[PDB]
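Here is the structure we will look at.
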Amino acid sequence: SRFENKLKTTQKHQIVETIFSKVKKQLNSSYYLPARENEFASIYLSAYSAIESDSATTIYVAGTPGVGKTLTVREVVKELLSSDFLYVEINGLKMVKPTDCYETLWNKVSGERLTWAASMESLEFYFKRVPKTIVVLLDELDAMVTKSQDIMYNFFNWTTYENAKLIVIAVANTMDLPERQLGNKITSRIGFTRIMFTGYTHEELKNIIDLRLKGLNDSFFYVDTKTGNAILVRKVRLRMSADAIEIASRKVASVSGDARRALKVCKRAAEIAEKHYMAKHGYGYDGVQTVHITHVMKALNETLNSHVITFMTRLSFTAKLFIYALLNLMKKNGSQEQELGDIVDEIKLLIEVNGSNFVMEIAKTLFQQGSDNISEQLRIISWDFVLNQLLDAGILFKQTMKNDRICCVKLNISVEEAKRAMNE
Amino acid sequence: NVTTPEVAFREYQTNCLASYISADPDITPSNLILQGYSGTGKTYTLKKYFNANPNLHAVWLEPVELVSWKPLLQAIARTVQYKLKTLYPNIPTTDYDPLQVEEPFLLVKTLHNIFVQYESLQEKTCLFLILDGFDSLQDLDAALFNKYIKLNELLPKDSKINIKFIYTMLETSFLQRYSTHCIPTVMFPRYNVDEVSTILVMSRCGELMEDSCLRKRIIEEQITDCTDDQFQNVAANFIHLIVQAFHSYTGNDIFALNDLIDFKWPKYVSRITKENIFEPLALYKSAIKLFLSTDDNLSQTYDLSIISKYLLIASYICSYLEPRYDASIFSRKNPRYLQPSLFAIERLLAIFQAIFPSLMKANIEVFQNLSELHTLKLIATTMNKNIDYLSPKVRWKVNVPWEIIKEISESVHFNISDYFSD
Amino acid sequence: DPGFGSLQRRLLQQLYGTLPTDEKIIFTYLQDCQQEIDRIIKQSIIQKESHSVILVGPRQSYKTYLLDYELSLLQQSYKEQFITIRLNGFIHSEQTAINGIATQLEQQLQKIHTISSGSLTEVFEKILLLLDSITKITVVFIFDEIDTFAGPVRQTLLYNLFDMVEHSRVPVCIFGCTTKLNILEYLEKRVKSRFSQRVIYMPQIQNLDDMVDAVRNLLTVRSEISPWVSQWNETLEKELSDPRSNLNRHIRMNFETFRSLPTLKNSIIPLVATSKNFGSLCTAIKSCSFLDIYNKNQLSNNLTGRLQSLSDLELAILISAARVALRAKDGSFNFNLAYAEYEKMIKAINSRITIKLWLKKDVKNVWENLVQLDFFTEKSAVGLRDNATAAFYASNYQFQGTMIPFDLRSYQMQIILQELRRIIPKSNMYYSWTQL
Amino acid sequence: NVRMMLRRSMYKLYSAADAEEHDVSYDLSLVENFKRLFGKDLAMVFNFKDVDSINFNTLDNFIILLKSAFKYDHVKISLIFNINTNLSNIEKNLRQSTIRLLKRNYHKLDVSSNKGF
Amino acid sequence: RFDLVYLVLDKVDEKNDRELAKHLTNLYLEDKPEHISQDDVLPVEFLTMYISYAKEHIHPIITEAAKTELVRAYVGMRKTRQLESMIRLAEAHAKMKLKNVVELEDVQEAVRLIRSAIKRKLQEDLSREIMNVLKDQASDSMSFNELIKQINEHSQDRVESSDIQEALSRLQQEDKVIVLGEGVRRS
Amino acid sequence: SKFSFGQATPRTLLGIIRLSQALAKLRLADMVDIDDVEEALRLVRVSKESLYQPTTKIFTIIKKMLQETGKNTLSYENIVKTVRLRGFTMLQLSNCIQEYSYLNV
Ligand SMILES: Nc1ncnc2c1ncn2[C@@H]1O[C@H](COP(=O)(O)OP(=O)(O)OP(O)(O)=S)[C@@H](O)[C@H]1O
Ligand SMILES: Nc1ncnc2c1ncn2[C@@H]1O[C@H](COP(=O)(O)OP(=O)(O)OP(O)(O)=S)[C@@H](O)[C@H]1O
Ligand SMILES: Nc1ncnc2c1ncn2[C@@H]1O[C@H](COP(=O)(O)OP(=O)(O)OP(O)(O)=S)[C@@H](O)[C@H]1O
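Protein chains in written order, with the deposited numbering: chain A, 404 to 434, 448 to 499, 507 to 555, 560 to 659, 677 to 730, 769 to 839, 841 to 907; chain E, 2 to 299, 319 to 353, 372 to 395, 412 to 476; chain D, 46 to 158, 171 to 190, 207 to 426, 447 to 529; chain C, 138 to 159, 180 to 274; chain 4, 701 to 779, 795 to 834, 859 to 926; chain 7, 677 to 729, 740 to 791.
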């Protein structure tokens with residue numbers, strides 16, 4: 404509103420619009449829908465009746481995140497401005520305290536800043552007195572349910588008044604929410620509309636990608652060979685291999701069916717080809771191009787593959803010495819949770835059960852940093868350090884006790900992969 | 002480059018603190034740990050550096066005279082604008098409220114407000130903050146010490162004045178929680194038996210030759226014109242013996258030596274002669290009686325009445341007597375070391391009616423002395439100290455050791471050692 | 046000469062990295078990781094990208110050192126082009142961090158050329186409307218310990234900034250730095266779907282040769298300042314090229330236990346400031362005997378020098394204190410059980426031969462220091478609470494262990510009996526009592 | 138606790154200070190600035206009413222906090238220990254490092270309603 | 701009384717057995733191993749001549765100078796047959812490398828040798868239970884059946900009745916417990 | 677377990693090498709190809725199987751096979767029939783079955 408005038412600055416020194424820059428502009432998550453096409457009507461025809469008849473209803477939709485329920489209801493009200508209402512985005516998680524939404528409503532009727540106490544008095548005074560038109564979105568309803576349900580009873584008791592000019596639209600995480608958190612007295616007021624949103628399917632996940640790739644798929648750019656700048677000296681084209689787009693779809697529809705996850709894995713795979721193109725020619729920052775299948779093979783795996791295995795083999799020696807002692811106790815006792823003094827008891831013992839071999844150059848260093856002057860250390864060198872280093876890494880976990888002997892230690896990652904990474 | 006001082010036994014540690022501190026901020030490391038137990042003179046050896054370095058500027062804070070972190074932020078912000086007033090008095094100032102801050106954001110909010118008007122200075126000057134006693138803060142936790150580490154980096158790094166820290170703490174189990182931050186530490190070792198005595202002689206000659214208790218005893222006895230060196234010898238003979246007859250009792254302390262001297266000194270003064278000033282060995286043989294006793298304890321026959329005395333003597337019985345054995349051995353027809379068991383009500387009067395000399415039946419005064427004994431904290435409740443009256447589930451227990459029971463048994467002529475049988 | 050001291054000026058600020066930003070030196074074992082960070086960060090400002098990332102690696106891993114290095118690398122040429130907002134998860138709670146953002150916003154506006174005024178949720182929708190909405210100012214977020222924001226209960230502040238990726242015309246970039254490795258499972262579903270899923274792991278010194286290559290680039294000065302420099306540079310590598318040299322020998326120890334450079338970087342700072350002439354410094358890195366004294370002092374009072382610095386009685390109490398501790402099943406022991414077996418130990422010494450057996454009223458004064466030397470612990474005593482409100486819940490709680498007297502607080506053991514035999518020399522008379 | 142034993146006690150003298158005097182923080186900050194906050198110097202006295210019911214480690218940690226006030230020289234401290242009985246019990250409970258702090262100038266005055274009748 | 705034992709266990713894993721299969725097929729790479737001479741390997745005829753010269757020309761003495769490292773090498777296995800084996804091991808270490816006097820470093824490796832050459860829950864519970872059903876049997880025998888029954892009776896650590904059979908066999912054969920009858924079980 | 681017998685030995689590996697040499701000797705070739713080892717391993721696994729009584743192209747081929755019935759069958763007799771006429775062995779496609787199962791196709 405105000406400060407966007409101050410967020411503008413002047414000197415914009417000719418940023419290089421490369422080949423893959425114009426992809427990510429439309430691969431931004433902003434800018448009729450194919451997948452939830454008919455269900456848009458099922459909201460709207462439920463909404464169009466109450467709007468043009470001055471009533472008060474409730475609409476309940478659910479589903480996993482990434483299915484358009486943030487998007488679709490915005491498209492409902494957007495066309496309605498063409499044809507009497509006040510649009511508010513009452514987000515649940517964007518309220519600091521749960522009562523703070525009450526302030527917004529009384530602010531968004533006349534422009535006053537009053538109590539969550541004093542708001543809901545005048546709100547109740549509004550909802551049963553006004554002679555005769561308010562659209563409210565109650566987003567992310569896991570936030571506003573937590574304390575004692577006294578807030579949630581209000582937001583549907585206002586719907587019961589026949590003289591209440593309000594239209595509520597609830598969007599939750601799960602259909603189960605008025606059956607495993609709310610009471611039945613709320614569950615009578617929630618109704619039984621219950622419009623379910625499923626996931627997306629992999630065919631439609633192809634049909635959502637090309638909507639972003641409408642005017643740019645297999646099109647042509649005008650490029651100077653000196654700076655790498657592209658314009659919608678050569679006239680190059682850039683093509684997108686649809687089969688790699690398909691294998692992006694057949695995974696994301698399989699695991700999650702999330703519309704952000706489908707776009708972003710294409711967005712991550714787009715910039716892999718960006719740096720490899722910049723690697724071969726170096727246009728910096730101041769014949770026919772494509773994106774291979776091998777890009778989305780890596781980037782989809784890049785969502786999965788870890789490093790704690792690679793982290794463990796790149797740790798210190800006494801770190802790998804520590805875990806090897808720790809699995810030795812877990813196969814000695816079978817109790818998966820060993821006392822800290824017994825580990826210090828073991829790393830002493832794991833010196834001399836090996837022979838008089841490298842182990843001696845270890846055993847010299849393991850109790851003194853050379854320096855035969857100062858010696859005879861009880862616990863090993865930096866034993867507080869590696870145990871602190873294994874703690875904040877999340878691999879280990881150690882309960883709090885002022886005794887530094889009988890405080891228990893519990894593993895936090897799978898102990899087999901700890902056994903498996905130890906083998907290297 | 003800096004002008005190092007010199008002290009008695011910190012010859013390595015004066016070098017590192019001269020190493021890890023410069024007036025230039027870039028060479029100066031951010032955070033620092035001076036660690037050691039109480040009895041090493043770290044507050045001594047730190048200030049002893051600072052008196053030899055008038056070029057730098059030190060702001061001295063004291064956490065032990067505070068109680069919490071919420072005033073501790075108010076302690077910091079009040080003092081830097083107090084100090085920078087006395088360092089650059091030409092610089093004009095919008096003085097802020099140090100009472101206003103209570104949260105760890107508000108400090109760096111206000112230090113963003115403080116330092117910006119001081120930007121016009123000529124060179125990058127550092128400013129050393131000193132916290133003394135960070136472990137004995139009485140509301141400490143895990144997530145306070147790291148909260149003060151990163152305060153430097155939230156500051157703008159390009160300001161003309163840079164605030165850096167030095168932390169004084171003890172109880173080295175605490176430092177082992179934060180070794181992964183790898184801030185530079187200078188540990189301070191404990192002492193040995195000679196250097197305790199060596200520190201103590203060069204610190205207590207300035208009072209024990211100038212005390213009037215000597216100066217009275219100078220003119221009271223036939224004063225030979227004994228030298229200050231002759232006063233120095235008997236002072237040194239005192240110190241070199243008092244640490245010898247007490248070192249096993251006190252450990253390697255300095256504070257616990259600084260007061261035991263000031264208890265046994267005038268009692269040592271009275272037992273000198275005119276002649277034993279030249280005779281030190283026989284002087285110890287005449288003043289022997291204080292050198293084998295502690296004299297730090299400033319055994320009561322207890323005030324309580326007779327029926328309350330038998331009320332105590334029945335309460336000690338259920339430190340070993342279980343309900344499986346007691347009703348057999350106390351018919352009307372070893373855990374001496376161990377922690378006491380838990381009572382209930384009316385088991386007292388079960389044992390009290392038995393062991394009293412039909413001769414008694416009225417129990418109003420017997421009920422009087424119970425909560426009399428509750429105010430003496432000799433028998434206390436297991437639970438909180440509130441609802442113990444109405445018989446809900448309330449368990450009781452003694453808090454008196456065996457010896458005070460043993461004297462109070464014979465004080466009422468009652469025999470107790472028979473009924474304790476391992 | 047001051048030229049030797051001028052070399053101390055150069056070498057010290059090289060060991061702290063406080064040079065001007067043109068000559069800050071990054072070690073070779075992470076040069077790839079800063080460039081992919083650079084490819085993230087410089088196309089976010091110049092090419093107006095709106096993408097986030099999470100830095101993940103252990104403590105003291107140059108993570109905050111890398112990011113402001115990029116900013117200083119961009120502060121020289123892109124001055125007004127961007128502003129930075131830096132938040133620590135340590136210094137900011139969940140709710141004051143909203144006031145943390147807005148107050149750090151407005152002070153940038155006077156540097157680039171009514172916001173903090175109102176309630177906490179009043180200013181919250183303000184920065185929502187100021188962010189969601207010639208060229209546009211881009212904003213870089215610097216988040217230290219973003220895992221603590223990722224708690225179980227609310228996770229509000231993460232949810233707003235990650236949606237600012239999706240909708241805002243203002244180009245942003247988010248930089249999470251943490252050390253909890255599996256950060257992605259710590260998030261819930263609805264926040265992770267907002268997240269662009271790209272994390273980058275921080276490298277470690279994977280070979281012994283790597284940090285050897287690092288310390289060479291660390292200590293070597295390349296710019297001409299002192300006459301000593303050309304002499305000083307070849308002395309460094311000659312110690313480093315020899316695998317039998319002591320500096321090369323002691324670096325191998327640092328590769329073994331710590332395998333972390335700023336630990337070793339800490340050791341050199343007194344070693345190069347303790348010299349007073351040029352030739353002494355060259356002998357110091359040739360001898361490296363100061364590193365022995367340094368590792369002596371870092372070790373001198375954790376547990377062993379605690380034990381060596383006690384008198385005859387304090388040993389004798391503790392030696393008895395463990396011989397009681399071996400008997401019970403949990404190992405707990407009272408004060409009366411200590412002094413009883415301490416009595417017969419002294420009686421055994423006189424009967425086998447003149448040692449002052451002390452009283453009851455004095456051992457307490459020795460017993461006081463032993464518990465605050467942490468050689469014992471209380472039986473059920475959670476030492477340090479993690480945060481403030483868990484510690485405040487322990488302060489109001491009246492305790493029962495103080496309500497039993499001093500000589501019956503069931504003290505347990507920190508240092509076990511069998512380990513005492515290995516540290517106590519056989520020359521001491523109580524050596525027969527270490528073993529049972 | 139240690140905390141509210143400090144905080145209520147600083148509050149209790151502060152209103153007693155303004156009433157004789159004719180915004181601030183309730184901790185030891187007032188104790189040094191009492192020369193400047195109220196002009197004349199300070200000699201406070203501590204009527205510990207029922208001393209044996211208190212957890213003594215709180216009392217022992219309390220008196221170390223009062224030990225830090227000994228470096229301002231315009232304030233004088235005086236402690237009154239109204240025990241019920243059993244002085245030998247009290248030297249058992251405290252830390253021995255603080256008994257040596259206590260034993261400088263102690264006075265064992267007896268106050269009993271029944272004293273030799 | 702055996703002088704030297706050898707744990708020649710495989711313990712199969714990666715980056716080991718791969719080199720094993722590669723070295724076994726490397727002489728299958730060529731039809732004839734004529735390329736066996738360009739490596740650090742002595743021939744057989746030179747080896748037996750050096751061995752026959754060393755066995756009949758060197759009488760090494762075990763001096764008192766290697767006393768201190770032997771005592772401590774014995775107590776580590778003690779915390795006389797091992798001592799008699801290690802002195803012959805140390806004199807064979809002295810037999811090689813043309814030495815007439817034994818040296819202090821030569822026993823270090825010898826001990827490493829015998830320490831690298833050699834590098859309970861089940862039966863415990865077993866006996867435990869046996870004891871139990873004994874007790875609850877008025878000491879009468881535990882049945883095969885009831886044994887198996889209580890022993891699989893716990894889901895946690897899966898004692899398979901075959902494994903059961905085996906460990907049982909062990910203890911009995913270890914003489915700890917007695918079991919009789921093909922169709923029955925005795926505690 | 678219950679249906680197990682023996683373990684893998686190096687003599688079985690030497691016998692597999694000898695059977696591959698015999699298969700190359702029966703084809704009168706001077707070299708051992710990839711077709712003999714995949715036949716010998718199939719032989720030694722089907723010798724015990726009676727008790728129960740280079741990848742992207744293959745994936746593309748599988749997709750082509752699907753472009754008819756849309757069937758995700760576990761074991762194949764008519765998917766492999768379009769592979770042998772091209773040039774790849776029976777072992778490469780055998781890995782393509784298992785790998786890809788990670789694609790859940
Ligand atoms: N059918 C669609 N057509 C076009 N764009 C879509 C479609 N579905 C989702 N998107 C885009 O993907 C984003 C995903 O956001 P939504 O799915 O609307 O949010 P969501 O499903 O409510 O998940 P939440 O908000 O965390 S519960 C949208 O903001 C759009 O930018
Ligand atoms: N080298 C020294 N020369 C002279 N006096 C010394 C020396 N070292 C220590 N002292 C004395 O030791 C005393 C101990 O002072 P402190 O600094 O309080 O001891 P501490 O170990 O710091 O305990 P604190 O105060 O709880 S941190 C000082 O007051 C000095 O008088
Ligand atoms: N102002 C600074 N200039 C240069 N280097 C710095 C600065 N502050 C810290 N460092 C370096 O930062 C390194 C420590 O790594 P950091 O990233 O700061 O800490 P970290 O553990 O890696 O991440 P943090 O700080 O714990 S969230 C050390 O090598 C310091 O020399």
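Where is the CB? At the ideal position from N, CA and C, for every residue including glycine.
Test: residue i CB closer than 8 Å to a CB of chain 7
i	result
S698 (chain A)	yes
DSSP bridge partner residues for residue i (one or two, in chain order)
i	result
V272 (chain D)	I99 (chain D)
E512 (chain A)	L564 (chain A)
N163 (chain E)	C127 (chain E)
Residue i at chain E interface by Cβ criterion, 8 Å
i	result
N514 (chain A)	no
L216 (chain C)	no
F868 (chain A)	yes
Any chain A beta carbon closer than 8 Å to residue i
i	result
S866 (chain 4)	no
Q36 (chain E)	no
Identity of the residue in the options nearest residue i by Cα
i	options	result
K719 (chain A)	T221 (chain D), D83 (chain D) and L75 (chain D)	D83 (chain D)
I389 (chain E)	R449 (chain E), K415 (chain E), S335 (chain E) and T15 (chain E)	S335 (chain E)
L187 (chain D)	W866 (chain A), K411 (chain A) and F880 (chain A)	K411 (chain A)
Whether residue i touches residue j by CB criterion (8 Å)
i	j	result
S432 (chain A)	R712 (chain A)	no
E218 (chain D)	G145 (chain D)	no
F49 (chain D)	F351 (chain D)	yes
Closer than 7 Å: residue i CB and nearest ligand 2 heavy atom
i	result
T251 (chain E)	no
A9 (chain E)	yes
Beta carbon proximity, residue i to chain 4, threshold 8 Å
i	result
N810 (chain A)	no
Check: residue i C-beta below 7 Å from any heavy atom of ligand 3
i	result
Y110 (chain D)	yes
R104 (chain D)	yes
Test: residue i CB closer than 8 Å to a CB of chain C
i	result
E464 (chain E)	no
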